[PDB]
């Protein structure tokens, strides 16, 4: 059985994770770390619901000594992850961190402390197992098919192109793929931009339409063939089998692992 506490239960990711943890047969949600803005009207922004089973704490120190969870799932913000991770790792709690955060120096302090205490920690910048396998498998495939393109498609409210997942995908592929540009050397755009963006010579195209959520295809060309990997995320439940896997696996490892590609 794994007793889980969640930091940031009211967030978009947090509300899904609450549901996932409560519904996983071998997990029990035992506490949350939460606090609202001082200006939040309860009418607009309700409190996390009061229960005996899931008390709400405002600070992690207090949660840990009272509840002694097995696992802390941190769905807070990049400014808070280092102090939370260090606190867990000194108190025999396995932290599972969903974040874009940590400095180099901060991550090295966490890594060393997890190692000496023989305590697991997983830092997952992308919990969605389909996305992570897409990227992991693309990087293995690029040893055999060095000509590749990435097409990513999102809703039309998204502010950044290309997506973070496409940039990460291109970085992973570029660890394996020899650096080169693609397309005939003499090709020329007659409408500026037709060929897309380039990362290390890898073309990346960004589609933005109503109706779409989050989608990526990776297209590997070679003589006489096409090999394609695709991930479609229709909602934030897409991230939950990575949350589940991370909570299960953190219990079994004795060091810090950064990125789910390193343990799937």
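Positions refer to the first chain, counted from 1.
Look over 54 to 62 and 36 to 44 in the entry and identify the one with the greater average Cα temperature factor.
-> Per the PDB record, 36 to 44.
Report the stretch with the higher mean CA temperature factor, choosing between 142 to 150 and 112 to 120 on the basis of the entry.
-> Taking the mean C-alpha B-factor of 142 to 150 and of 112 to 120, the larger value falls to 112 to 120.
Compare the CA B factors listed in the entry for 163, 106, 171, 126 and report the winner.
-> Most elevated C-alpha B-factor of the set, per the entry: 106.
Have a look at 67, 218, 204, 213 and flag the one whose Cα has the highest B-factor in the entry.
-> By C-alpha B-factor in the record, 67 ranks first.
Third of chain Cα B-factors occupied by residue 102 | It falls in the top third of the chain.
Assigned third (lowest, middle, highest) for the C-alpha B factor of residue 76 = As the PDB entry reports it, the C-alpha B-factor of residue 76 lands in the highest third of its chain.
Ranked C-alpha temperature factor of residue 85 among modelled chain residues, by third | CA B-factor rank for residue 85: middle third.
So where's residue 222 on the chain's Cα temperature factor ranking, which third?
-> Middle third, going by the recorded CA B-factors of the chain.
Pull the Cα B-factor of residue 260 out of the PDB entry and bin it into the chain's lowest, middle or highest third.
-> For residue 260, whose C-alpha B-factor we compare with every modelled residue in the chain, the answer is the middle third.
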